[PDB]
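Convention: sequence-line order gives letters A, B, ...; per-chain numbering from 1. Note: hydrogens, waters and symmetry copies are ignored here, and every other heavy atom, side chains too, is used.
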Amino acid sequence: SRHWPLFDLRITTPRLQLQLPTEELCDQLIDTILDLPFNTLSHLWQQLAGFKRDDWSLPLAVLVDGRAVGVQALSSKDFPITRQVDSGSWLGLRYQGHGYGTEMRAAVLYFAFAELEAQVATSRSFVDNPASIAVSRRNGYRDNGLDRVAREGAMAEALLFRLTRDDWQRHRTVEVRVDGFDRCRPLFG
Amino acid sequence: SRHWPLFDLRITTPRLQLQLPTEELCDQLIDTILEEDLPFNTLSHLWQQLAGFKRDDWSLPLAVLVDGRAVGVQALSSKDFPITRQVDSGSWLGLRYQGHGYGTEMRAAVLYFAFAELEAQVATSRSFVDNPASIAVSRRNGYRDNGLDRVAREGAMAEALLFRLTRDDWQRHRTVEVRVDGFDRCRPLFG
Amino acid sequence: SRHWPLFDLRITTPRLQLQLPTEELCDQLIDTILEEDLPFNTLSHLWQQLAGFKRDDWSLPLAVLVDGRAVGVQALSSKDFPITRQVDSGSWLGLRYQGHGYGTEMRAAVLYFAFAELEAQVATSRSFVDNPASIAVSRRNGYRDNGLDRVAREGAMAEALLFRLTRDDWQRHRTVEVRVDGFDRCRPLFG
Amino acid sequence: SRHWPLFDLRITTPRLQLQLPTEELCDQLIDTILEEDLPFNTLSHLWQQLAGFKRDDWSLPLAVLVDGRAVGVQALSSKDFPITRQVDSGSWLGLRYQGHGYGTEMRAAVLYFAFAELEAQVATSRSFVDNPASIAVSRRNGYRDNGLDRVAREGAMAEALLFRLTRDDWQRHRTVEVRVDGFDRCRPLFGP
Ligand SMILES: [Sm+3]
């Protein structure tokens, strides 16, 4: 939308551009994924609509050559107080195995640490998703506990991760640029 | 969106087209309203209605187009529709588009959709007692009185008129020519 | 509870006493209803209503006592009361206590509390069309017809008649002596 | 209530009795806390937890009694318990009642309930880094480190240590004798 400055945020790496999904990018994302189409829109709509200073979720479309290939989300409750963010992500099947996962994580963590002035970033992976765990290792996260949840009716264990600003800085390798954030700054605090 | 059949629904009258608001229509609708927090408030509300559709609890905000331009919104909603067969409506129309009878026509459009396509038995609406435009729309569309209510509006008491229109009353007295296109693929979502 | 002044409220009529249900009274109300999920569902609903009390959104589920036995519930509730000055009521009465004039006495009890203690200007109620006893109680107490609503009830459509009672209509029709105790300490909670 | 079997559950240790708070016990717990909005805030919170019980999402706030006096609450919670077999706990103890070893004993009580009766596989807890007592309870009860969090607490950032205890570790190292009465009837309430 042209009535919401978060739509003008761009985060760019040498290979990727991240931005809030417009109608066109959402439909590209659904093609990438392909009840699922509506569930995907519904979820993105609800995240966009629920943005508040003290409870926000930014689902960023990840673009390779201008094409949406997945989503890298950043979120936080009580950010102005905790200075802690959490992330989640998915990447289309045919785009996995090319290091986009690591690069797109790098991109949101730069945004978090350099623009939002976060002090900690968290993530989690199912223990049977080594690719996502490898992304966390590469970005310098430290193990931060075990959790058990219901995943499609069966027990799944999740590994939790913690990345401080200092550890982030020591481990970073990806060049990241942020544009459009000046008008957005008042939304976060 | 190209991945949700409700976006292909079209309701057309002699002067109007109603359809689910796309990204472009939402932004046009916000342009109309602005004729600070209001833009996000508006997107947020539309987004939550689009995302919240459930067979047993839905709201359908339809952008109202006059010669291409989004001039306002005519909504229809219902909780437990398959059981109640009762729908409710609410609406707004940009100030510079008021006084042309678009209000009456847009209400007639969703009533046709509710009765002819959804097979509703009853449609309801409400107006603040000091909204003469909405009250006129209801009278021109042949609704019955259905009660007097009171609510809080901006920290003060506001009285509200309730309206009810039944399917047979509508069948026998309706006068607006309405066409619905793209409903067959939507049909399963409602029943 | 000894920590919430609403528990000290007493409304008394010639044959009835109404009060917020304590633990023992909730359990008697459940005894009454049972003339497997039902006990917990009742408990859960009463707890949630007790817990949800807010000045701008409250529900008062009053146990109705005949000779010490909890026989039914006469509820009063209101959203934005300080602004609207309007209250709503609902009730149920155990099967074997029906047909003895308790329904009208229990409505008179809460109506007096609303108009004389809370200083309400309007009281509303609704009754399903297939509940003529409850309809008659509304007519007996002076309520006027105020619309029709359809809702889902046990997976089937049930039509409700809505009722409206102004303070003047209340006054004109009131016959039952009502006394209210323990309200002074509750006063701040309501406004 | 005499219409909800969870009220007939009793968990006892050498010094303590734990049970779901009746109306009288809620009022004693509030008396203990008071040693303005606080009474109703407490009632409303207990009422909501009592009412919110579902197989797939429950919270069990247990009043802790020392010779009939209500000194605190030891809670046990789980979302999707029948699947995860993981429980979480939280608790408070009246200022007057701290430093007597009740915190460790009350934790031991719910752990035994969780592992011996609910057949939990994992128990978790968290403590603010500036709550040395709660941290010591987790350590005395054999929990291991399970990470670091930050939360907003009264408008300021507060760090919390997370703790995790497995059934095996509990079985090997538990020390407190615990008795649980009134659980048989409650079995179907916790299973699918
Ligand atoms: Sm009729």
Side-chain angles (χ1 to χ4, degrees), chain A residues 1-9 19-61 67-68 70-71 73 75 90 92 180-189, chain B residues 1-9 19-63 69-70 72-73 75 77 92 94 182 185-191:
Chain A
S1 163
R2 60 172 160 91
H3 288 293
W4 183 229
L6 275 179
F7 277 97
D8 302 316
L9 178 65
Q19 68 186 100
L20 226 52
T22 62
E23 184 171 86
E24 189 50 72
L25 297 170
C26 284
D27 282 347
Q28 286 181 20
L29 287 174
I30 298 164
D31 299 347
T32 296
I33 292 162
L34 306 163
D35 285 341
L36 210 32
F38 182 68
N39 298 331
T40 299
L41 297 170
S42 188
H43 181 70
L44 287 164
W45 274 324
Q46 283 165 355
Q47 294 178 281
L48 296 162
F51 187 101
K52 281 163 250 276
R53 183 169 306 181
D54 299 321
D55 187 29
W56 52 260
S57 181
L58 294 185
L60 299 160
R67 186 78 53 81
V71 173
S75 68
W90 62 266
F181 180 71
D182 278 4
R183 278 160 79 254
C184 297
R185 198 180 274 95
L187 300 177
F188 294 97
Chain B
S1 168
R2 65 186 223 61
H3 291 283
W4 182 229
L6 270 176
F7 281 107
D8 296 335
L9 171 71
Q19 65 187 102
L20 212 57
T22 58
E23 173 179 274
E24 174 59 11
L25 298 174
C26 289
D27 289 346
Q28 288 179 26
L29 286 176
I30 296 173
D31 291 347
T32 302
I33 284 153
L34 297 168
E35 288 161 15
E36 279 110 71
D37 291 335
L38 202 46
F40 183 71
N41 282 354
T42 307
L43 280 172
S44 180
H45 181 68
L46 287 157
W47 280 333
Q48 283 163 352
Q49 290 177 295
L50 299 163
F53 188 98
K54 274 181 145 88
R55 184 181 322 280
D56 292 344
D57 186 8
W58 51 263
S59 167
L60 203 69
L62 297 160
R69 269 294 320 204
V73 168
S77 62
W92 62 266
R185 278 168 68 254
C186 300
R187 194 176 286 271
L189 315 176
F190 284 101

| query | Do you know the tightest heavy-atom contact between B:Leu189 and B:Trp4? | reply | CD1-CH2, 3.7 Å
| field | Segment of A:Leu34 engaging chain B (4.5 angstrom heavy-atom cut-off) | value | side chain
| field | B:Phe53 and B:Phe190 aromatic ring geometry - parallel, tilted or perpendicular at 30°/60° bounds | value | perpendicular
| field | Side-chain donor-acceptor contact under 3.5 Å, A:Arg67 with A:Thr32 | value | no
| Non-hydrogen atoms of chain B under 4.5 Å away: do they reach the side chain of A:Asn39, the backbone, both or neither? | neither
| Does any heavy atom of chain A fall under 4.5 Å from the side chain of B:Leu43, the backbone, both, or neither of them? | side chain
| Minimal non-hydrogen separation, A:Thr40 against A:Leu36, with atom names | OG1-O, 2.8 Å
| With a 4.5 angstrom heavy-atom cut-off, which part of B:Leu34 approaches chain A: side chain, backbone, both or neither? | side chain
| field | Region of A:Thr22 that comes under 4.5 Å of a non-hydrogen atom in chain B | value | both
| request: Hey, can you tell me if A:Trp45 and B:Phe7 have their rings parallel, tilted or perpendicular (30° and 60° cut-offs)? | output: tilted
| said: Looking at chain B, which one of A:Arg2, A:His43, A:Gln46 has the largest number of heavy-atom pairs inside 4.5 Å, strictly under? | reply: A:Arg2
